[PDB]
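Worksheet: the structure to be examined is printed underneath.
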Amino acid sequence: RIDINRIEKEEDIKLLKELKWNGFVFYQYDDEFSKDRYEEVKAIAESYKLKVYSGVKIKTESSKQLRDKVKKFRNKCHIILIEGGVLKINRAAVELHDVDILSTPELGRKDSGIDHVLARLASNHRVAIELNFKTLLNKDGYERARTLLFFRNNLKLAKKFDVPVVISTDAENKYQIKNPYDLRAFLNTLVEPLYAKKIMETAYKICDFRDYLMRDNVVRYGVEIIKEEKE
Amino acid sequence: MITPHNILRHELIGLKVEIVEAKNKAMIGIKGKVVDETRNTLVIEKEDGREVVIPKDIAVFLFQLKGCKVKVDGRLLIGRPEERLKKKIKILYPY
Amino acid sequence: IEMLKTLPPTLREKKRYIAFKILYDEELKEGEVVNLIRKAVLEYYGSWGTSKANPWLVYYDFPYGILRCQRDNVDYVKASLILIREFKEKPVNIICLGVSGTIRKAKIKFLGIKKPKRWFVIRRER
Amino acid sequence: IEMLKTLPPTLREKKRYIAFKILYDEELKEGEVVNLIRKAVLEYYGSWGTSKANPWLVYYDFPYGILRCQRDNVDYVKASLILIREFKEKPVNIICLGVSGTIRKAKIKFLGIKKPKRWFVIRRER
RNA sequence: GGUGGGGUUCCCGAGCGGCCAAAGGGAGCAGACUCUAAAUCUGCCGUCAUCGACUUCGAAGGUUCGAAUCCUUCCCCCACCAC
């Protein structure tokens with residue numbers, strides 16, 4: 001069970017560990033990332049009992065110059081997220097086949113979440129869709145209606161094409177975070193409970209795959225062990 | 001020299017190999033050299049003396065290099081070695 | 001350009017079109033109709049049912065009106081139409097005439113006589 | 001006297017008891033909790049779901065709380081608990097601990113340690 | 001439902017089956033130049049970043065001594081049609 005949120009204080013994360021949570025993701029939505037924040041993430045993760053995987057995020061830049069610079073800044077960190085309602089950057093983001101999870105098709109667009117050609121290209125390039133929840137807690141009633149209509153449309157377009165889905169709260173403060181049983185009961189309320197469990201299983205397996213990829217000398221899934229001829 | 005990075009394009013014939021995981025239960029536990037190689041198939045001669053026909057895409061291989069032991073899927077080894085050294089790019093996602 | 005392809009009809013949302021009337025001697029703006037039907041569709045469905053049955057008004061010129069629905073849940077939309085009681089000084093009356101799959105057929109069954117096509121001409125002329 | 005017999009347990013409503021907490025450093029009255037949970041249970045259920053899942057708060061002394069539910073729809077009540085966003089100057093936080101069939105068991109699993117019985121003594125002494 | 005077509009470098013665009021042959025232009029970096037800057041010119045031009053060499057011509061399979069090119073399949077992108 002893996003959450004995606006930002007780190008502010010230690011008591012909040014100590015409350016997170018005491019409930020159910022085994023690990024989470026530190027969320028860098030900025031262009032200024034250094035090793036000091038990641039060392040503070042190490043300190044708060046070793047504070048009580050946890051492991052945290054850090055990522056980086058970009059919003060509203062060019063088409064594929066952004067793709068090259070995003071690869072160059074991605075070569076330092078573990079995982080990544082690209083958010084944006086623009087379809088033009090979304091096509092390149094699902095085309096570059098190296099982004100793990102994808103967010104924001106509903107609030108920058110306000111028309112429809114995922115296109116059919118977009119969902120078929122995501123099936124060929126294996127990019128996952130991340131569903132946020134802070135968008136549900138900063139809107140009005142009919143806005144909640146249109147947003148959950150978009151999520152149910154994207155849920156069908158991910159179910160029929162077997163597109164991987166990761167749920168998160170996309171939190172910002174101490175109290176924006178919610179329970180994992182709550183998110184499981186909500187995704188049970190929407191369509192199905194087995195797919196709700198599959199979302200959490202995929203959320204664990206994608207971080208497991210990124211950790212197993214960047215852990216050792218693994219290139220295109222090739223494991224190399226004792227007595228290497230490494231230059 | 002044979003490198004663990006270019007083992008996706010190095011020749012497999014003439015290298016000792018054992019497999020560690022496969023869907024076939026009796027396939028697990030073999031040790032031998034590579035003699036013949038087709039598009040998704042190795043012909044492996046055991047030390048005991050039995051020739052076995054091993055499909056690549058169902059198992060993972062551990063090739064024994066000069067000191068090294070490298071674990072590569074046969075899904076990465078898809079294609080004839082002629083076309084594999086031509087150029088084959090395989091990207092695998094075990095989700 | 002910002003364009004989204006229509007989903008194939010095996011995958012798109014199966015829809016119905018409810019034709020109804022808002023009976024009163026009083027008058028309404030179509031935005032007031034959209035506001036009252038959003039308040040009522042919340043008050044009968046919550047977030048879950050409003051994600052379920054997909055409410056959107058498509059036409060209101062006269063006190064008659066046409067609204068779009070999901071196919072499996074037209075009875076839920078009708079029950080949402082019943083529980084109108086009051087709008088700020090007065091009620092409005094919502095009375096359903098029927099339900100069909102298109103505008104040309106629901107327009108002639110209860111609403112009118114002829115079959116108009118206006119979307120094509122406002123797309124090709126403008 | 002005005003008395004109503006309890007329905008037999010084959011015919012009565014199958015119920016569950018959700019234990020939760022309203023996390024904030026701020027304070028609340030139990031009537032404010034009942035008002036906010038009624039507004040939220042309307043905002044997620046409508047008349048149909050509130051007839052469906054039977055919401056009623058039974059206990060609130062601390063920021064912990066106990067509320068009663070139908071048996072088949074505890075996930076709906078939890079999803080009703082998630083969508084709290086704001087109460088007039090501020091949010092409140094609702095965080096579920098668990099769900100059980102009674103007070104003596106849900107009181108010891110997450111809430112406390114001992115098993116109190118107060119209804120019997122306030123019925124027999126008063 | 002229908003016809004005539006296109007997909008090549010960050011963006012607009014050429015290219016005989018053959019030596020990064022990959023015309024290129026704009027862009028980035030560096031040099032040169034200038035008091036500074038614009039314009040012009042030079043090299044890297046995706047990488048090593050001096051010559052030079054390797055990769056990408058939407059994707060896969062196949063033909064061939066050898067594929068951007070020739071064949072098949074899977075796709076997408078254009079243009080215009082209700083009268």
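For the structure tokens, the naming scheme is as follows: chains receive sequential letters (A, B, ...) according to their order of presentation, residues are indexed from 1 within each chain, and ligands are indexed from 1 in presentation order.
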
| task | For chain D, list the residues within 8 Å of chain C, counting only C-alpha atoms, and write the list as a PyMOL selection string. | result | chain D and resi 42-49

Which residues of chain A sit at most 9 Å from chain E, using only C-alpha atoms (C1' of nucleotides)? Give each one's shortest atom pair and distance in Å (one decimal place), in chain and ascending residue order, as JSON lines.
```
{"residue": "A:63", "atom": "CA", "partner": "E:10", "partner_atom": "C1'", "distance": 8.0}
{"residue": "A:64", "atom": "CA", "partner": "E:10", "partner_atom": "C1'", "distance": 6.0}
{"residue": "A:65", "atom": "CA", "partner": "E:10", "partner_atom": "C1'", "distance": 5.1}
{"residue": "A:66", "atom": "CA", "partner": "E:10", "partner_atom": "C1'", "distance": 8.8}
{"residue": "A:68", "atom": "CA", "partner": "E:10", "partner_atom": "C1'", "distance": 8.6}
{"residue": "A:117", "atom": "CA", "partner": "E:76", "partner_atom": "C1'", "distance": 8.3}
```

Pull out every residue of chain A sitting within 9 Å of chain D, counting only C-alpha atoms, and send them as an mmCIF file with C-alpha atoms, in the first residue's frame.
```
data_model
loop_
_atom_site.group_PDB
_atom_site.id
_atom_site.type_symbol
_atom_site.label_atom_id
_atom_site.label_comp_id
_atom_site.auth_asym_id
_atom_site.auth_seq_id
_atom_site.Cartn_x
_atom_site.Cartn_y
_atom_site.Cartn_z
ATOM 1 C CA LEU A 19 -2.539 3.035 10.757
ATOM 2 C CA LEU A 136 -12.402 15.629 -5.283
ATOM 3 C CA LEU A 137 -11.835 17.645 -2.103
ATOM 4 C CA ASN A 138 -11.443 21.072 -3.709
ATOM 5 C CA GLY A 141 -21.171 19.307 -6.325
ATOM 6 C CA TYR A 175 -4.906 16.067 6.849
ATOM 7 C CA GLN A 176 -5.364 15.776 3.084
ATOM 8 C CA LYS A 178 -6.981 9.438 3.590
ATOM 9 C CA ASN A 179 -7.139 5.745 4.554
ATOM 10 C CA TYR A 181 -9.349 0.972 3.185
ATOM 11 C CA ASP A 182 -11.324 4.119 2.355
ATOM 12 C CA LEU A 183 -9.896 4.265 -1.180
ATOM 13 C CA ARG A 184 -10.501 0.528 -1.581
ATOM 14 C CA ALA A 185 -14.122 0.900 -0.438
ATOM 15 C CA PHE A 186 -14.588 3.839 -2.833
ATOM 16 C CA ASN A 188 -15.411 -0.927 -4.672
ATOM 17 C CA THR A 189 -18.332 1.532 -4.692
#
```

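The space between CA of residue 111 in chain D and CA of residue 177 in chain A spans 21.2 Å.
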
| message | Could you pull out the strand (DSSP E) residues of chain C, going by DSSP on the backbone, and write them as a PyMOL selection string? | response | chain C and resi 15-23+56-59+64-70+93-100

Would you mind aligning chain D to chain C, a least-squares fit over all C-alpha atoms taken in order, and returning the superposed chain as a CSV table (one decimal) with N, CA and C atoms, in the first residue's frame?
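Contents of the output file selection27.csv:
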```
chain,number,residue,atom,x,y,z
D,1,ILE,N,-4.9,22.5,-32.0
D,1,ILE,CA,-6.4,22.3,-31.9
D,1,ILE,C,-6.6,21.2,-30.8
D,2,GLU,N,-7.7,21.3,-30.1
D,2,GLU,CA,-8.1,20.4,-29.0
D,2,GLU,C,-9.2,19.5,-29.5
D,3,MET,N,-9.0,18.3,-29.8
D,3,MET,CA,-10.0,17.4,-30.4
D,3,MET,C,-9.9,16.1,-29.7
D,4,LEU,N,-11.1,15.5,-29.4
D,4,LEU,CA,-11.2,14.2,-28.8
D,4,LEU,C,-12.1,13.3,-29.7
D,5,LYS,N,-11.7,12.1,-30.0
D,5,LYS,CA,-12.5,11.2,-30.8
D,5,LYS,C,-13.6,10.6,-30.0
D,6,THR,N,-14.8,10.5,-30.6
D,6,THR,CA,-15.9,9.8,-30.0
D,6,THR,C,-15.5,8.3,-29.9
D,7,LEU,N,-15.9,7.8,-28.7
D,7,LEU,CA,-15.7,6.3,-28.4
D,7,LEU,C,-16.5,5.5,-29.4
D,8,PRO,N,-16.0,4.3,-29.7
D,8,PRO,CA,-16.8,3.3,-30.5
D,8,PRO,C,-18.0,2.9,-29.8
D,9,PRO,N,-19.1,2.6,-30.5
D,9,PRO,CA,-20.4,2.4,-29.8
D,9,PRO,C,-20.5,1.1,-29.0
D,10,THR,N,-19.6,0.2,-29.1
D,10,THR,CA,-19.5,-0.9,-28.2
D,10,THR,C,-18.9,-0.4,-26.8
D,11,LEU,N,-18.2,0.7,-26.8
D,11,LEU,CA,-17.5,1.2,-25.6
D,11,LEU,C,-18.1,2.5,-25.1
D,12,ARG,N,-18.8,3.2,-25.9
D,12,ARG,CA,-19.3,4.5,-25.4
D,12,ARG,C,-20.5,4.3,-24.5
D,13,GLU,N,-20.9,5.3,-23.8
D,13,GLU,CA,-22.0,5.2,-22.9
D,13,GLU,C,-23.4,5.1,-23.6
D,14,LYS,N,-24.1,4.1,-23.2
D,14,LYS,CA,-25.4,3.8,-23.8
D,14,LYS,C,-26.4,4.8,-23.2
D,15,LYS,N,-27.0,5.6,-24.1
D,15,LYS,CA,-27.7,6.8,-23.6
D,15,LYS,C,-29.2,6.7,-24.1
D,16,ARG,N,-30.0,7.4,-23.3
D,16,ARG,CA,-31.4,7.6,-23.6
D,16,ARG,C,-31.7,9.1,-23.5
D,17,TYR,N,-32.8,9.5,-24.1
D,17,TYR,CA,-33.2,10.9,-24.1
D,17,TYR,C,-34.6,11.0,-23.5
D,18,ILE,N,-34.8,11.6,-22.3
D,18,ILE,CA,-36.1,11.8,-21.7
D,18,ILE,C,-36.6,13.2,-22.2
D,19,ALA,N,-37.8,13.1,-22.8
D,19,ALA,CA,-38.6,14.3,-23.1
D,19,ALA,C,-39.6,14.6,-21.9
D,20,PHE,N,-39.6,15.8,-21.4
D,20,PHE,CA,-40.5,16.1,-20.3
D,20,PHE,C,-41.0,17.5,-20.5
D,21,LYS,N,-41.7,18.0,-19.5
D,21,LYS,CA,-42.3,19.4,-19.5
D,21,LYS,C,-42.1,19.9,-18.1
D,22,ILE,N,-41.8,21.2,-18.0
D,22,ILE,CA,-41.8,21.9,-16.7
D,22,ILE,C,-43.1,22.8,-16.6
D,23,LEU,N,-44.2,22.2,-16.1
D,23,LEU,CA,-45.5,22.8,-16.1
D,23,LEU,C,-45.5,23.8,-14.9
D,24,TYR,N,-45.7,25.0,-15.2
D,24,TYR,CA,-46.3,26.1,-14.4
D,24,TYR,C,-46.7,27.3,-15.4
D,25,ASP,N,-47.5,28.1,-14.9
D,25,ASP,CA,-47.8,29.4,-15.6
D,25,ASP,C,-46.7,30.4,-15.5
D,26,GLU,N,-45.8,30.2,-14.5
D,26,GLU,CA,-44.6,31.0,-14.4
D,26,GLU,C,-43.6,30.6,-15.5
D,27,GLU,N,-42.5,31.4,-15.6
D,27,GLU,CA,-41.5,31.3,-16.7
D,27,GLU,C,-40.2,30.9,-16.0
D,28,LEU,N,-39.3,30.3,-16.8
D,28,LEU,CA,-38.0,29.9,-16.4
D,28,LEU,C,-36.9,30.2,-17.5
D,29,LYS,N,-35.7,30.5,-17.0
D,29,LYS,CA,-34.5,30.5,-17.9
D,29,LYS,C,-34.0,29.1,-17.9
D,30,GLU,N,-33.3,28.7,-19.0
D,30,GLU,CA,-32.7,27.4,-19.1
D,30,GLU,C,-31.6,27.2,-18.1
D,31,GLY,N,-30.9,28.3,-17.7
D,31,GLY,CA,-29.9,28.2,-16.7
D,31,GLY,C,-30.5,27.9,-15.3
D,32,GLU,N,-31.6,28.4,-15.1
D,32,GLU,CA,-32.4,28.0,-13.8
D,32,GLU,C,-32.8,26.6,-13.9
D,33,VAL,N,-33.2,26.1,-15.0
D,33,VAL,CA,-33.5,24.7,-15.2
D,33,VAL,C,-32.3,23.8,-14.9
D,34,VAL,N,-31.1,24.2,-15.5
D,34,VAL,CA,-29.9,23.4,-15.2
D,34,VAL,C,-29.5,23.5,-13.8
D,35,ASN,N,-29.7,24.6,-13.1
D,35,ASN,CA,-29.3,24.7,-11.7
D,35,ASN,C,-30.3,23.9,-10.8
D,36,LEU,N,-31.6,23.9,-11.1
D,36,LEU,CA,-32.5,23.1,-10.3
D,36,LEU,C,-32.4,21.6,-10.6
D,37,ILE,N,-32.0,21.2,-11.8
D,37,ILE,CA,-31.9,19.8,-12.1
D,37,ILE,C,-30.6,19.3,-11.5
D,38,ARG,N,-29.6,20.2,-11.4
D,38,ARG,CA,-28.3,19.8,-10.7
D,38,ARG,C,-28.5,19.7,-9.2
D,39,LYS,N,-29.3,20.6,-8.6
D,39,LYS,CA,-29.5,20.5,-7.2
D,39,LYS,C,-30.4,19.3,-6.9
D,40,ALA,N,-31.4,19.0,-7.7
D,40,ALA,CA,-32.2,17.8,-7.5
D,40,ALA,C,-31.5,16.5,-7.8
D,41,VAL,N,-30.6,16.5,-8.8
D,41,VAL,CA,-29.9,15.3,-9.1
D,41,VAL,C,-28.8,14.9,-8.1
D,42,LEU,N,-28.3,16.0,-7.4
D,42,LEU,CA,-27.5,15.8,-6.3
D,42,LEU,C,-28.3,15.2,-5.1
D,43,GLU,N,-29.5,15.9,-4.9
D,43,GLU,CA,-30.3,15.6,-3.7
D,43,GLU,C,-31.0,14.2,-3.8
D,44,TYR,N,-30.9,13.5,-5.0
D,44,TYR,CA,-31.4,12.2,-5.1
D,44,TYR,C,-30.4,11.2,-5.4
D,45,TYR,N,-29.2,11.6,-5.9
D,45,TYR,CA,-28.2,10.6,-6.3
D,45,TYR,C,-26.9,10.6,-5.5
D,46,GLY,N,-26.5,11.8,-5.0
D,46,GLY,CA,-25.1,11.9,-4.5
D,46,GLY,C,-24.1,11.9,-5.7
D,47,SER,N,-22.8,11.9,-5.3
D,47,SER,CA,-21.7,11.8,-6.2
D,47,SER,C,-21.8,10.5,-7.0
D,48,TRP,N,-22.2,9.4,-6.3
D,48,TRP,CA,-22.2,8.1,-6.9
D,48,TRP,C,-23.3,7.9,-7.9
D,49,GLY,N,-24.5,8.3,-7.7
D,49,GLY,CA,-25.5,8.2,-8.7
D,49,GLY,C,-25.4,9.2,-9.8
D,50,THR,N,-24.8,10.4,-9.5
D,50,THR,CA,-24.6,11.4,-10.6
D,50,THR,C,-23.4,10.9,-11.5
D,51,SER,N,-22.5,10.2,-11.0
D,51,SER,CA,-21.5,9.5,-11.8
D,51,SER,C,-22.2,8.3,-12.5
D,52,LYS,N,-23.3,7.8,-12.0
D,52,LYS,CA,-23.9,6.6,-12.5
D,52,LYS,C,-24.7,6.9,-13.7
D,53,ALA,N,-25.6,7.9,-13.6
D,53,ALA,CA,-26.7,8.0,-14.6
D,53,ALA,C,-26.5,9.1,-15.6
D,54,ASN,N,-25.4,9.9,-15.4
D,54,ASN,CA,-24.9,11.0,-16.4
D,54,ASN,C,-26.0,12.0,-16.7
D,55,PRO,N,-26.3,12.9,-15.8
D,55,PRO,CA,-27.3,13.9,-16.1
D,55,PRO,C,-26.8,15.1,-16.9
D,56,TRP,N,-27.5,15.5,-18.0
D,56,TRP,CA,-27.2,16.8,-18.7
D,56,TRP,C,-28.4,17.2,-19.5
D,57,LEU,N,-28.9,18.4,-19.3
D,57,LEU,CA,-30.0,19.0,-20.1
D,57,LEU,C,-29.5,19.3,-21.4
D,58,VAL,N,-30.2,19.0,-22.5
D,58,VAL,CA,-29.8,19.3,-23.8
D,58,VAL,C,-30.7,20.4,-24.5
D,59,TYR,N,-32.0,20.4,-24.1
D,59,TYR,CA,-32.8,21.4,-24.8
D,59,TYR,C,-33.9,21.9,-23.8
D,60,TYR,N,-34.1,23.2,-23.8
D,60,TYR,CA,-35.2,23.9,-23.1
D,60,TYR,C,-35.5,25.3,-23.8
D,61,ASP,N,-36.6,25.3,-24.6
D,61,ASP,CA,-37.0,26.6,-25.2
D,61,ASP,C,-38.3,27.0,-24.6
D,62,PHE,N,-39.3,26.1,-24.7
D,62,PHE,CA,-40.6,26.2,-24.2
D,62,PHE,C,-40.5,25.6,-22.7
D,63,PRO,N,-41.6,25.6,-21.9
D,63,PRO,CA,-41.6,24.7,-20.8
D,63,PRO,C,-41.4,23.2,-21.1
D,64,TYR,N,-41.5,22.7,-22.3
D,64,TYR,CA,-41.0,21.4,-22.6
D,64,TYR,C,-39.5,21.4,-22.5
D,65,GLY,N,-38.9,20.2,-22.4
D,65,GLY,CA,-37.5,20.0,-22.3
D,65,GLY,C,-37.0,18.6,-22.6
D,66,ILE,N,-35.7,18.5,-23.0
D,66,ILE,CA,-35.1,17.3,-23.4
D,66,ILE,C,-33.8,17.1,-22.6
D,67,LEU,N,-33.6,16.0,-21.9
D,67,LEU,CA,-32.4,15.8,-21.1
D,67,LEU,C,-31.9,14.4,-21.4
D,68,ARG,N,-30.5,14.2,-21.2
D,68,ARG,CA,-29.9,13.0,-21.6
D,68,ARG,C,-29.6,12.1,-20.4
D,69,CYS,N,-29.6,10.8,-20.6
D,69,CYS,CA,-29.6,9.9,-19.5
D,69,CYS,C,-28.8,8.6,-19.9
D,70,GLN,N,-28.4,7.8,-18.9
D,70,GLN,CA,-27.9,6.5,-19.2
D,70,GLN,C,-29.0,5.6,-19.5
D,71,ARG,N,-28.7,4.4,-20.1
D,71,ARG,CA,-29.8,3.6,-20.7
D,71,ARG,C,-30.4,2.7,-19.5
D,72,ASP,N,-29.5,2.3,-18.6
D,72,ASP,CA,-30.0,1.3,-17.6
D,72,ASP,C,-30.7,2.0,-16.5
D,73,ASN,N,-30.7,3.3,-16.4
D,73,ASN,CA,-31.1,4.0,-15.2
D,73,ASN,C,-32.1,5.2,-15.6
D,74,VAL,N,-33.0,5.0,-16.4
D,74,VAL,CA,-34.0,6.0,-16.8
D,74,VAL,C,-35.0,6.2,-15.6
D,75,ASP,N,-35.3,5.1,-14.9
D,75,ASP,CA,-36.2,5.1,-13.8
D,75,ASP,C,-35.7,5.9,-12.7
D,76,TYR,N,-34.3,5.9,-12.5
D,76,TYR,CA,-33.7,6.7,-11.5
D,76,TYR,C,-33.8,8.2,-11.8
D,77,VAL,N,-33.6,8.5,-13.1
D,77,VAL,CA,-33.8,9.9,-13.5
D,77,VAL,C,-35.2,10.4,-13.3
D,78,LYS,N,-36.2,9.5,-13.6
D,78,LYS,CA,-37.6,9.9,-13.4
D,78,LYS,C,-37.9,10.1,-11.9
D,79,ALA,N,-37.3,9.2,-11.1
D,79,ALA,CA,-37.5,9.4,-9.6
D,79,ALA,C,-36.8,10.6,-9.1
D,80,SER,N,-35.7,11.0,-9.8
D,80,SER,CA,-35.1,12.3,-9.5
D,80,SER,C,-36.0,13.5,-10.0
D,81,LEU,N,-36.8,13.3,-11.0
D,81,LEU,CA,-37.7,14.3,-11.5
D,81,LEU,C,-38.9,14.5,-10.6
D,82,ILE,N,-39.2,13.4,-9.9
D,82,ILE,CA,-40.4,13.5,-9.0
D,82,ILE,C,-40.2,14.4,-7.8
D,83,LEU,N,-39.0,14.3,-7.2
D,83,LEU,CA,-38.8,14.9,-5.9
D,83,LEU,C,-38.5,16.4,-5.9
D,84,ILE,N,-38.8,17.1,-7.0
D,84,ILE,CA,-38.8,18.6,-7.0
D,84,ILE,C,-39.9,19.0,-6.1
D,85,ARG,N,-39.6,19.9,-5.2
D,85,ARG,CA,-40.6,20.4,-4.3
D,85,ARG,C,-40.7,22.0,-4.3
D,86,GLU,N,-39.6,22.7,-4.4
D,86,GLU,CA,-39.5,24.1,-4.1
D,86,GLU,C,-38.3,24.7,-4.7
D,87,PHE,N,-38.5,25.9,-5.3
D,87,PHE,CA,-37.3,26.7,-5.8
D,87,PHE,C,-37.6,28.1,-5.4
D,88,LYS,N,-37.2,28.5,-4.2
D,88,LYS,CA,-36.9,29.8,-3.6
D,88,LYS,C,-38.1,30.7,-3.4
D,89,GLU,N,-39.2,30.5,-4.2
D,89,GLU,CA,-40.4,31.2,-3.9
D,89,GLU,C,-41.6,30.4,-4.2
D,90,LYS,N,-41.4,29.2,-4.8
D,90,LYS,CA,-42.4,28.5,-5.5
D,90,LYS,C,-41.8,27.1,-6.0
D,91,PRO,N,-42.7,26.2,-6.3
D,91,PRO,CA,-42.2,25.0,-6.9
D,91,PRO,C,-41.9,25.2,-8.4
D,92,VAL,N,-41.5,24.2,-9.2
D,92,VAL,CA,-41.8,24.0,-10.6
D,92,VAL,C,-42.4,22.6,-10.8
D,93,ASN,N,-43.1,22.4,-11.8
D,93,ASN,CA,-43.7,21.1,-12.0
D,93,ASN,C,-42.9,20.4,-13.1
D,94,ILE,N,-42.4,19.2,-12.8
D,94,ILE,CA,-41.8,18.4,-13.8
D,94,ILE,C,-42.6,17.1,-14.1
D,95,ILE,N,-43.0,17.0,-15.4
D,95,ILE,CA,-43.9,15.9,-15.8
D,95,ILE,C,-43.3,15.3,-17.1
D,96,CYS,N,-43.0,14.0,-17.0
D,96,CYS,CA,-42.3,13.4,-18.1
D,96,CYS,C,-43.3,13.0,-19.2
D,97,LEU,N,-43.0,13.1,-20.5
D,97,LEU,CA,-43.8,12.7,-21.6
D,97,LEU,C,-43.4,11.3,-22.1
D,98,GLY,N,-42.1,11.1,-22.2
D,98,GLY,CA,-41.7,9.8,-22.7
D,98,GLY,C,-40.2,9.8,-22.7
D,99,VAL,N,-39.6,8.7,-23.3
D,99,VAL,CA,-38.2,8.5,-23.4
D,99,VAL,C,-37.9,7.8,-24.7
D,100,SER,N,-36.9,8.2,-25.5
D,100,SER,CA,-36.5,7.6,-26.7
D,100,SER,C,-34.9,7.7,-26.8
D,101,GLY,N,-34.4,7.2,-27.9
D,101,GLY,CA,-33.0,7.2,-28.1
D,101,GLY,C,-32.4,8.4,-28.9
D,102,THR,N,-33.3,9.2,-29.5
D,102,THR,CA,-32.9,10.3,-30.3
D,102,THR,C,-33.8,11.5,-30.3
D,103,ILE,N,-33.5,12.5,-31.0
D,103,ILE,CA,-34.3,13.8,-30.9
D,103,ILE,C,-35.4,13.8,-32.0
D,104,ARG,N,-35.1,13.2,-33.1
D,104,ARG,CA,-36.1,13.2,-34.2
D,104,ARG,C,-37.3,12.3,-33.9
D,105,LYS,N,-37.1,11.3,-33.0
D,105,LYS,CA,-38.2,10.4,-32.7
D,105,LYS,C,-39.0,10.9,-31.4
D,106,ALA,N,-38.3,11.4,-30.4
D,106,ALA,CA,-38.9,11.9,-29.3
D,106,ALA,C,-39.5,13.3,-29.5
D,107,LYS,N,-39.1,13.9,-30.6
D,107,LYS,CA,-39.7,15.2,-31.0
D,107,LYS,C,-41.1,15.0,-31.6
D,108,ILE,N,-41.3,13.9,-32.3
D,108,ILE,CA,-42.6,13.7,-33.0
D,108,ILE,C,-43.6,12.9,-32.2
D,109,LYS,N,-43.2,12.2,-31.1
D,109,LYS,CA,-44.0,11.3,-30.4
D,109,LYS,C,-44.9,12.1,-29.4
D,110,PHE,N,-44.3,13.0,-28.7
D,110,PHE,CA,-45.1,13.9,-27.8
D,110,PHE,C,-44.9,15.4,-28.0
D,111,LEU,N,-43.7,15.8,-28.4
D,111,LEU,CA,-43.4,17.2,-28.5
D,111,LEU,C,-44.0,17.9,-29.7
D,112,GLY,N,-43.7,17.5,-30.9
D,112,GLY,CA,-44.2,18.2,-32.1
D,112,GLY,C,-44.6,17.2,-33.2
D,113,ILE,N,-44.4,17.7,-34.4
D,113,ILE,CA,-44.9,17.0,-35.6
D,113,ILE,C,-43.7,16.7,-36.6
D,114,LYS,N,-42.9,17.7,-36.9
D,114,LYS,CA,-41.9,17.6,-37.9
D,114,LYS,C,-40.6,17.2,-37.3
D,115,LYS,N,-39.6,16.9,-38.2
D,115,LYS,CA,-38.3,16.4,-37.8
D,115,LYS,C,-37.3,17.5,-38.2
D,116,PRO,N,-36.8,18.3,-37.3
D,116,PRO,CA,-35.8,19.3,-37.6
D,116,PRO,C,-34.3,18.8,-37.5
D,117,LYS,N,-33.4,19.3,-38.3
D,117,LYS,CA,-32.0,19.0,-38.2
D,117,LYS,C,-31.2,20.3,-38.2
D,118,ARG,N,-30.8,20.8,-37.0
D,118,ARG,CA,-30.2,22.1,-36.9
D,118,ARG,C,-28.7,22.1,-36.6
D,119,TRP,N,-28.3,21.0,-35.9
D,119,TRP,CA,-26.9,20.9,-35.6
D,119,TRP,C,-26.0,20.8,-36.8
D,120,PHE,N,-26.4,20.1,-37.8
D,120,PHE,CA,-25.6,20.0,-39.1
D,120,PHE,C,-25.5,21.3,-39.8
D,121,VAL,N,-26.6,22.1,-39.8
D,121,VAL,CA,-26.5,23.4,-40.5
D,121,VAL,C,-25.7,24.4,-39.7
D,122,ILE,N,-25.8,24.4,-38.4
D,122,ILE,CA,-25.0,25.3,-37.6
D,122,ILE,C,-23.5,24.9,-37.6
D,123,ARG,N,-23.2,23.6,-37.9
D,123,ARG,CA,-21.8,23.2,-38.0
D,123,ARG,C,-21.3,23.6,-39.3
D,124,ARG,N,-22.1,23.4,-40.4
D,124,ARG,CA,-21.5,23.6,-41.7
D,124,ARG,C,-21.6,25.1,-42.2
D,125,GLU,N,-22.6,25.9,-41.7
D,125,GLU,CA,-22.7,27.2,-42.1
D,125,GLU,C,-21.8,28.2,-41.3
D,126,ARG,N,-21.7,27.9,-40.0
D,126,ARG,CA,-20.9,28.8,-39.1
D,126,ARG,C,-19.5,28.2,-39.0
```

| message | as number ranges by chain, please: every residue in range 67-170 of chain A that DSSP puts in helix (DSSP H, G or I). | response | A: 67-74, 87-95, 116-125, 141-159

| Selection: 9 Å around range 35-50 of chain B, only C-alpha atoms (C1' of nucleotides), excl. self and same-chain fewer than 3 positions, as a list in words | residues 12, 13, 14, 15, 17, 30, 31, 32, 53, 54, 55, 56, 57, 74, 75, 77, 78, 79, 80, 81 and 83 of chain B

| task | Work out how far CA of residue 147 in chain A is from CA of residue 106 in chain A, in Å to one decimal. | result | 6.4 Å

| request: Pick out the residues sitting within 8 Å of residue 16 in chain B, and hand them over as a ChimeraX atom specification; count only C-alpha atoms (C1' of nucleotides), and ignore anything fewer than 4 positions along from it in its own chain. | output: /B:31-34,63-65

| query | Separation of CA of residue 15 in chain A and CA of residue 1 in chain A, in Å? | reply | 15.1 Å

| task | Specify as a list in words all residues of chain B found within 9 Å of chain A, counting only C-alpha atoms. | result | residues 2, 3, 4, 5, 8, 62, 66, 67, 68, 69, 70, 71, 72, 73, 76, 90, 91, 92, 93, 94 and 95 of chain B

| query | What lies within 7 Å of range 107-111 of chain A using only C-alpha atoms (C1' of nucleotides), ignoring chain neighbours under 6 positions off, as number ranges by chain? | reply | A: 84-86
